[PDB]
Amino acid sequence: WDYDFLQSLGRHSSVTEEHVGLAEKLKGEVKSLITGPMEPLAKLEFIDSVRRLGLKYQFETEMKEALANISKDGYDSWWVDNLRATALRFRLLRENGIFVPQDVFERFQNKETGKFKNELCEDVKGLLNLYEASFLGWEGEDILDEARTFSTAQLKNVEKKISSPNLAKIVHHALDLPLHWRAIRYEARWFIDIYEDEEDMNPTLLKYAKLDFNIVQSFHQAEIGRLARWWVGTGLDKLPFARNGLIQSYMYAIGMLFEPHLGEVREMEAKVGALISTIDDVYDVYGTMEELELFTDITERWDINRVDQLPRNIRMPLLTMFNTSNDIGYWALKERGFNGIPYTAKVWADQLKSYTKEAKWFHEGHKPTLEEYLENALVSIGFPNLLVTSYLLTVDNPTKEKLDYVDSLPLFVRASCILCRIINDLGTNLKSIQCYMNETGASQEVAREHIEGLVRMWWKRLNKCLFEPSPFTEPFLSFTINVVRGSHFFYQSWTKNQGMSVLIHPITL
Amino acid sequence: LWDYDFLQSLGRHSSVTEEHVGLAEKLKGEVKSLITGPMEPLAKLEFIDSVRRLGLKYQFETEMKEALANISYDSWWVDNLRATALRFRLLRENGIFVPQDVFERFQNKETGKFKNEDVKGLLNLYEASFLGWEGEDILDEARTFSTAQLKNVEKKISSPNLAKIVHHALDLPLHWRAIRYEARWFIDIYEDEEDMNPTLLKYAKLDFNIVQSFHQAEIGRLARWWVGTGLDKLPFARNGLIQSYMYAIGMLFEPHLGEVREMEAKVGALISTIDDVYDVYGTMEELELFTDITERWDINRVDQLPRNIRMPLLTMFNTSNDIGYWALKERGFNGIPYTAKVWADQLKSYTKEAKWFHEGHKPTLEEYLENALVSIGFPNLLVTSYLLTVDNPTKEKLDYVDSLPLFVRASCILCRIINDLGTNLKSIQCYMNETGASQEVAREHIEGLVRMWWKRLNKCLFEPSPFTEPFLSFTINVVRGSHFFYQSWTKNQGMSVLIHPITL
Amino acid sequence: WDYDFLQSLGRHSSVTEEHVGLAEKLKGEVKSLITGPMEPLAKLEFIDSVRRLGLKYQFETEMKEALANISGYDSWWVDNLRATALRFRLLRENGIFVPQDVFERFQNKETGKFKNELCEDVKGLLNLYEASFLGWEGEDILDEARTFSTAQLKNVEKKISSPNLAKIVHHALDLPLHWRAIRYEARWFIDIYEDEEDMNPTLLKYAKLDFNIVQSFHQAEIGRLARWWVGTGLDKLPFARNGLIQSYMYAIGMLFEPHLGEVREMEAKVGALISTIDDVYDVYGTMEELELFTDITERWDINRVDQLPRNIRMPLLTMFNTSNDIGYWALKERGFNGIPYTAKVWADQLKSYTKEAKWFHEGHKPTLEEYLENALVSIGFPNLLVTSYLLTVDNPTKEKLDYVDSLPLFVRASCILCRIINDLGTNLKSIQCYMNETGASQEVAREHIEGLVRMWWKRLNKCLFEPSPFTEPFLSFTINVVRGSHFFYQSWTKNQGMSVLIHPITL
Amino acid sequence: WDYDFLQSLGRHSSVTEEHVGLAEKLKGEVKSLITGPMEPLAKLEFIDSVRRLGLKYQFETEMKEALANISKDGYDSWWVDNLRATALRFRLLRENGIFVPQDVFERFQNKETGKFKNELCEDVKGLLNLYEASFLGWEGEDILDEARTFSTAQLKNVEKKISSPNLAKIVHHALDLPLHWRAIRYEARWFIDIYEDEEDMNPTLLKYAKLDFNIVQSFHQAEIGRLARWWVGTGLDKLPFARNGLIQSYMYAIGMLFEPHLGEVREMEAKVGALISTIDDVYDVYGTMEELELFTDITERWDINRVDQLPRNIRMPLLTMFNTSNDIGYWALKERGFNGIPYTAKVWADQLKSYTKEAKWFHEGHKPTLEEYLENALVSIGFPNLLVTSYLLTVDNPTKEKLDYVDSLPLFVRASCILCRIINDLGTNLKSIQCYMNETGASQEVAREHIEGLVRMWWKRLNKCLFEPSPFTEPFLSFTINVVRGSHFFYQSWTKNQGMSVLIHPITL
Ligand SMILES: [Mg+2]
Ligand SMILES: [Mg+2]
Ligand SMILES: [Mg+2]
Ligand SMILES: [Mg+2]
């Protein structure tokens, strides 16, 4: 699984014109099912299955219309009495922009205690739906927070009592990471196999999911091949800091966006990620403070007059970053009619400045507070760069004002960047947990709990931001949520198996 | 103004012209440039406040929010109270919290009293204090201090424009003043300010004339609707439609909400007629039938109520069904159950009050207000406004709004106490019976309740909520409208706001 | 940071009898390593590591004997400056004189400047820089080595690839080892030694264990002092928030050894009183009240204390009671009543305060020498050092106490250093007084004061080699108070507090 | 070759203060060239020329820095495809402690056969670099062994086909002995004249090499004068044994160490060598078994009570040896702070014991196996004595443990001692060759090849030992390799000519 193999990818695709034709036929049939009459709860379950299979992109309009009709109903008898239905309706409506109040769950609470009634401690699907629905909550929605802790504890208790292996796998999967926090492409790969074993499974939807996944995978294989050839062309692959960073970066980009129509944007994002990995090793280990300061100054000024001062192992990544930023800016000028080079140069400069600040603290024995560390670390995570670039390459009618606003890191973008940083720190000198430990003296386990609380808080803010008015539109909103999901999935070897399963091996038909 | 024949004629001949619209959009672009353009921060705050007072905030909301965000170094404002109070008020008004401790510097820690000639400074402090919440004692003290000082300095002012402004603030703070009426008054006041921006003044005059033309068309349609219903021929509520429409203008004036405003005016007109029917015209047997028919939404027996009562009940029934259908057609959600339910609840509240009056009951203030908040008719008006404006309406949301949660309840209670203050047994009398206190002390107690409920409404605005615009503005604006309407004089306000254009 | 918390300290100790046993076993092993044969440069480096880790108190005689034997087979170090400098610094630090001419061979005869080749060895530059602070006045070769090594280390700091070495270089540039407080530097060095390539695991483990054991003693001391402070009731006074914890940290800088816990606590008590009284004279007190406070202290007669208000009388009585208790402790343990000396030194300190207040109330602007002659007394170190001498000197007598109270050159240098160090770290102070005396700019004046710091240190270094009536541990107290001042005046004290006093080192 | 002349040497030196000043000026210029930018192949060739001229001691640090930078240049295009560059880089890097794998030569091998391709048996310098590089190989590196045999056969074939006399001389010299096995001082003298006639010669380096040679020669002349006076002082000059033996020992010692700063150690080594020659003759010819047994027992006990039992001709060498060993131990005590008398006495005891064992085998008609003969002969050659003494007089902070370890026969020292013994036996009743002949009955020619194979094997072990971790450091490492080189040089009259050329006659300027 080296570069010679990756460059080869995309030459021979398993999919055939017959497979694509059957896929478009099944797509029409699935569209008919989605818009066709169905019992409301059944429709909600089907729509959820379509989303879980990674097919929401194909039927986005039909799904939204169907949910809207199911929402504006003067008859709530079908769902109000049982929690499983109430939770499924609450989650799907919120996920598609239709607000459902938390008060919908008061009936299931003890008025005196305020805790959820134990009568649902027995139904696994009821607990699973409540648990998933609790992650769509906003700040101050204490009913949802109680549902979260209740369902989490109950699912942990009932996990061992489950007899059906498929259900046990589903429950363990949800406990590990809720659907709301799971990367769409990877979850789609897992769900195809899980959905196959469900008793109430729809063969047409399952077949379409397998065919569409294989067809999209062929696009991904071609992109892996082009990116691998690009990386070898740059020569960063022969550097120590590259390692398997290029393929890892592509996997992260797959988590951010997997749709075929965004292949060019995805390739550019993967390039930025690969550069991030190589420069990360250069600043963290290889570079000397004098060399790194020169690297940062060169980036801030966009002047390569002294690159020749730096040694080859440092100069080559700096020039590759410079050339890539210039190419991405030119691509933006050619396709979107807006020169993006000033923004790409600025975001790389800001990222390098953040690295310089951390290196200076590491060299001066400073120990920052959690808020001080995070203010720099949200920038240093590299996502501000990734999100701004994604906005520049996808926004409709780009302008200096719009790019400047996104570059300002408003609350919606800031929440995502902070989440990526804290999630990364959670998975593994001084990180969020250690900074908090020094700030409060608390034990490592309690500090980790505090950081986890921050994770939940930032997700609540992201969820509310999706409902607030915003200048952003699709697909930037999805990029912002998906980078967080990709981080959750990637920071819980095993990455080689996920790479082969999602990108290399097709699903057998 | 009080002739249906005259009102129906309106909308046929509009004073505005395409040239006026073009000049309006040119000035609008210039004002946007000024609002987002560089300016000294205190100057920017003053300009943004002036755009609001001219009733132009709807046109430049995002720009203003940004400029205020940028305004939120801090040396220019921390030292001086005039600047501190203006920044505090504007920031709180736009969702940026500013603590009351910002006024700690301008008060002796040694003495719990704001120290003692800036009239504008006192005005800014007074207005900012009404943006205060419960428990913000610094703001409350600043309020009482500024009120006493402004009353004291009112007589020492030589400049008539400033004297009018001070007297106006003493009459009603900006926070409690109806936006459209205040905008009309401020246009003339702003004209006389030395540091006035001519472009902003022109845009304010032009935009007012255009909106007024929209209101004239709405008045014509509503007048024709009223004569079509025939309630105009009945004896009660002489000239109630125009009154109801004026109240609705206070609630919402923006043109894009004309259909919602017309429907709100229709409900108001029905309130005016049915209120007279229950308090004076109807007999207890007739009222009980009217209430039962509304609660069950079955008109089988309407033919038992005499014509003078049957016609209002049927107009109410048809109007509620029409509003519900309009909701079904435009928002894809049948609102007839909610319009019927809120009218049933309102009639039930009337029946309960009539029974208390018929049984010599004297309720406690809390007992009276729990029913009176419903009887004022604002739960009906606010729920209808929510049904007609919320994005993606649902049964859950309508049920929640209909439950009268704290945000809605505060507005309803405020409107009831405000009406009673302006004007059987009311809030003041009920308190007098509950504590035996004198009328003057009781009125002060009610005024304190008004301030308390305003603090709560203000607090609700910064907490997370299911509600968003424009419902949040409907809730605050109905209270402002009540303050304005319950301080003849309505004919002069009618001609000035609805009929006569501002001369150019 | 909370008095309830500090009083709570000492209730639950992390250390266990097994940990103590393992500590004494490792101690024996470290003793064996310190006295056993080893290559000379390696031995010097090991001894230096022992000193930086704060273990010198445990292994002091073996270190002195080893250096004595090392002081005739001396060829191993003459060739390289790094070894020469390490030998010079450690020998001077341990009382074995080494002449400055030992570095002339590495200097250019014509120019008199050091050869640029030593710029290649980072370790070489570090040893030269540290060795330059052990110099006396007139040792110009050492002074040149100082300026040279400082400039070279600044130049090579950015060129270092090893992060641990880079951290060490930046730390030395911030403050040389000679000027760093032993306990705080020991805490910092423990972590660095783990990441040093040439680390001894037994010594490292012992350093971690011994630090934790000493920390338990400090926690108990903090608890005792916190209960004492609340008992006095000065905690509820508006003045001197967290004065007690800052004073205890300062005492830790002055002396950290466990056997001196009682003396350290008394020093901390004096410090806490100083913190409270400073606010009373500088801010809270009226001229009439302060003049009365000073007269009461001079007479050691409290008949008129009730004239003062409660907020000012309380600190005066607590100071009076504390001084009487410290004097009694001296009488009971050392068989010599120290109350006259504690009363006299408290009198001389507040009179100082009165003299400064007189300058402040009459708009006087003193010359630097005039200001410092009073300010050395006002900093409070004469009081702290005299009390420390009274509580530690062997067979105390009136003559010995009078001599120390006279502020001879060795004590005076430390007092002046502490006052100027405080002024350097923080309306006329030492710097401003110089600015008025010479009209020079603030930037030039700061350099002049820094020069004074180096000069006074040179005098202290020479005094350590001159014959003196003073012996240990007073000599260490005198040097350590200046080191404590350098460390404390470079918030951040909370970060040093948690690391040194509250949280144990994980094993 | 007369003691009066040797004692006379050192009185009048040809060098002048001007010559030294010019030497230090040229030294700075050569140092500048060594650290200055240069073409990579040119730099490798220049460093090789500096080493061949015997100037490595002067620029040891600059050479190490230059080679260190050359190993991580990353740009490998200049050497990866050229055999000459690949071999030169491999040899120089290994010689300076930078490991280079044998696989670097696979590209130049025929994949099917595994033999080297004939395509490069035309270029003489290419073959020369390959041949020299092959002697830096370790055991199990069959590629290097093949390179050795291939290049040797090809160089023999093209030697007669070479037209350029300088190239023909270089090829003939390499065939006689590779650079790796050549004594540094003697090779430096030989190379100076050849380098002058090489087309790509650096005049500054040539001049510095000639000047430094003259200065070092003056130091050696002074050493010869002192040693000659010491020898006449001992009075073993007039004894029948070891005629003209002292100077030979000094010449041999020059091969072991030639640097002027080690003159004192070199003089002591020369003294030991002279004593070895005289006592060797005493045991082999002059002494009776009774006298030799007494000599060995007296040496072993280090008790001279019975010296008067021995005749004057034997007592004088024994006493001179006793006084010299005691003096060397005292010198160690004075300069290194460690009394070395027990070690000098012990190594002389071991050497005499080895002589006694061989004489006993000779008197009992024993025929040892090759391993049996070598086990004693490695001690009898006298290199264990010379190496232990050299370690005692130069190691930093000597200790009983280090001296005991060196006195032991660990792999690094033992390999060198065995090599010196087998090389000496190869050059000249039963020795290594005859012992093998008796052990296997094999013919003399096959036996000589087997011993040569042992020489190659032990050299491979020495090369690996230099790369293995060791307690030993410089200059002991150099002494251990150089004693082997000195043996190769001394055993294929001609030594008188080499003496005059290296020690007496200066290079004309
Ligand atoms: Mg980094
Ligand atoms: Mg009524
Ligand atoms: Mg003071
Ligand atoms: Mg022999």
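Listed as the method for this PDB entry is X-ray crystallography; the listed resolution is 3.41 Å.

Turning to helix 15 (residues 307–331) of chain B, a few remarks are in order. Helix length check: helix 15 of chain B (25 residues) gives 35 Å between terminal C-alpha atoms against 36 Å at 1.5 Å per residue, within 8%. In the stretch just after helix 15 of chain B, B:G332 is the one whose phi turns positive, near 60 degrees.

Counting residues at the interface gives 13 residues for chain B and 16 residues for chain A. Interface area, chain B with chain A, both sides summed: about 1,200 Å², of which 60% is carbon and sulfur. If you look at where chain B meets chain A, you find one salt bridge. Across the pair B:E396 and A:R89 runs a salt bridge, and its minimum N-O distance is 3.1 Å. Linking chain B to chain A there are three residue pairs in polar contact.

Attention now moves to the packing of helix 11 (residues 203–234) of chain D against helix 13 (residues 263–286) of chain D. Residues and elements named next belong to chain D. Across the interface, helix 11 lies against helix 13 with an axial gap of 10 Å and an inter-helix angle of 40 degrees. Classified by the angle their axes make, helix 11 and helix 13 are oblique. By crossing handedness, the relation of helix 11 to helix 13 is classed as right-handed. Counted together, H220, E223, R226, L227, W230 and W231 of helix 11 and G263, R266, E267, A270, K271, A274, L275 and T278 of helix 13 form the full contact between these two elements. When grouped by side-chain class, the residues that make up the contact of helix 11 with helix 13 number six nonpolar, three polar and five charged.

Residue and element names in this part refer to chain C. In this model, helix 16 (residues 339–361) (23 residues) spans 32 Å end to end at C-alpha, consistent with the 33 Å of a helix rising 1.5 Å per residue. Inspection of helix 16 places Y341, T342, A343, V345, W346, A347, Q349, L350, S352, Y353, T354 and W359 among the buried residues, and these make up the whole buried set. On its buried face, helix 16 sits against helix 13 (261–284), helix 14 (287–299), helix 15 (310–334), helix 17 (368–378), helix 18 (381–392) and helix 19 (398–405). Positive phi appears at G363, one or two residues downstream of helix 16, with a value of about 60 degrees.

Let's shift gears to the domain arrangement of chain C. Residue and element names in this part refer to chain C. Domain parsing of chain C yields domain 1 (16–213) and domain 2 (214–507). Contacts between the two partners involve 32 residues from domain 1 and, on the opposite side, 34 residues from domain 2. Examining the composition of the side of domain 1 that touches domain 2, we find that seven residues originate from one element, helix 11 (residues 201–232), more than from any other.

As a further point, take the packing of helix 17 (residues 370–380) of chain D against helix 20 (residues 411–427) of chain D. All names here are of chain D. Interaxial distance between helix 17 and helix 20 falls to 8 Å at its minimum, and their mutual angle equals 95 degrees. As far as their axial angle goes, helix 20 and helix 17 are roughly perpendicular. Residues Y373, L374, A377, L378 and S380 of helix 17 lie in contact with helix 20, whose contacting residues are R414, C417, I418, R421, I422 and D425. Its residues assigned to classes, the contact of helix 17 with helix 20 comprises seven nonpolar, one polar and three charged.

This paragraph deals with the UniProt feature "binding site: Mg(2+)" (unreviewed entry) in chain B. Residues and elements named next belong to chain B. Within this structure's numbering, the places UniProt gives as "binding site: Mg(2+)" (unreviewed entry) are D275, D279 and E353. Across 79 residues in sequence, these annotated residues keep their C-alpha atoms within 11.8 Å of one another, forming a single compact spot. Relative to the helices and strands, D275 is located in helix 13 (residues 258–281). Taking relative accessible area as the criterion, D275 reaches 28% and is therefore assigned partly exposed. Within the secondary structure, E353 sits in helix 16 (residues 336–358). Relative accessible area serves as the criterion here: at 26%, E353 is assigned to the partly exposed category. Setting aside chain neighbours within four positions, we find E353 in contact with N371, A372 and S375.

With that settled, consider the pattern of salt bridges. Residues and elements named next belong to chain C. This structure, assessed with the given rule, holds 102 salt bridges over all chains. When the shortest N-O distance is used, the salt bridge between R89 and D48 registers 2.7 Å. A relative accessible area of 10% places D48 in the buried class. A salt bridge links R299 to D295; its shortest N-O distance comes to 2.8 Å.

On to the arrangement of the chains, then. Looking at the four pairs of chains with contacts, the pair that accumulates the most is chains A and B. In this structure chain B stays clear of chain C, and the shortest span between their C-alpha atoms is 15 Å. The least C-alpha distance between chain B and chain D, which are not in contact, is 51 Å.

Reading the values: the criteria
- Residues numbered from 1 in each chain as written, not as in the entry; some residues may be left out.
- Chains lettered and ligands numbered in written order.
- Heavy atoms only, no water.
- Residues with missing side-chain atoms left out of burial classes, pairs and counts.
- Helix = DSSP H or I, 4+ residues; strand = E, 2+ residues; numbered from the N terminus.
- Expected span 1.5 Å × (residues − 1).
- Contact = heavy atoms within 4.5 Å.
- Buried area = accessible area lost by both parts, 1.4 Å probe.
- Salt bridge = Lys/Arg side-chain N within 4 Å of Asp/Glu carboxyl O.
- Polar contact = N/O pair within 3.5 Å; in protein donor to acceptor, adjacent residues only side chain to side chain.
- Axes fitted to C-alpha atoms, helices over the stretch in contact; angles between N-to-C directions.
- Parallel < 35°, antiparallel > 145°, perpendicular 65-115°, else oblique.
- Left-handed = near helix turned anticlockwise from the far one by under 90°.
- Nonpolar A, V, L, I, M, F, W, Y, C, P; charged D, E, K, R; others polar.
- Buried < 20%, exposed > 50% of the residue type's maximum accessible area, 1.4 Å probe, protein only.
- Domains from an automatic or database assignment.
- UniProt positions renumbered as here; feature names shortened; annotations may be inferred.

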